[PDB]
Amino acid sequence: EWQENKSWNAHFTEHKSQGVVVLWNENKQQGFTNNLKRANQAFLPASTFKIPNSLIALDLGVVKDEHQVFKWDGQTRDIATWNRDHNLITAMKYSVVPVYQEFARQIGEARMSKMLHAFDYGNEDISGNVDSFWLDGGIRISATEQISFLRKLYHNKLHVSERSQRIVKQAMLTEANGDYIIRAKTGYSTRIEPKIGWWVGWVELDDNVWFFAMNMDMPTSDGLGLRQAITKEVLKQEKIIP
């Protein structure tokens, strides 16, 4: 169940932006969003797919652990932080697509599909290239479906080892201080219209957890910081964070 709260639209409008934030209060089992229809609109996950891809790679032993080093392939790419060696922690942090494309190739289509059905991940459709389907293939997931997935991960309820789930949650770590912890992943779907930015994850408090999933129209990269900025304004409006 999602209650609509259109007052959050002011934070989009303020920033000349259009999109949706979806929040889920774990203790109360209640959801909230500014736009019910867009909350259920499915889009390409793009880099947010690094969450399930990580889980599958670890569960299958494609990735041994979070210290294993994936050597740069020597190809210079546009994002400078990609042109160096990575481990799982840094490949998540810097959203290093070619590292995850190598995982996908090794996982292979059969296991990939089986896993995404186990996860109930969006439309469970991996059609397209095994190495890019989540960037330009047939898979789609909505913000509310992201939340349903993330809740399973939070509770170690996905059909992969507990260990895999704990390592991915570690790798998702974004921010922590004395008030909250955020575990999350950004994304930016550019290859297929509409261009959209994602931020999905959760906020751990002492006594509750708030799951979130947002997406917004993103015609250029110059708005990418608004993913987190708008989300955090919403969280502050709702007194989830100071």
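The first residue of the shown sequence is 1; numbering continues from there.
- Stretches 56-64 and 34-42 differ in mean C-alpha B factor, with the higher average recorded for 34-42.
- For the pair 164-172 and 71-79, the mean B factor over Cα atoms is greater in 71-79.
- Ranked by C-alpha B-factor against the other modelled residues of its chain, residue 215 falls in the middle third.
- In the PDB entry, a CA B factor belonging to the lowest third of its chain's modelled residues is recorded for residue 204.
- The PDB entry assigns residue 136 a C-alpha temperature factor belonging to the highest third of its chain's modelled residues.
- Residue-level temperature factors show residue 130 in the highest third of its chain, judged at the C-alpha atom.
- Compared with the other modelled residues of the chain, the Cα B-factor recorded for residue 102 ranks in the middle third.
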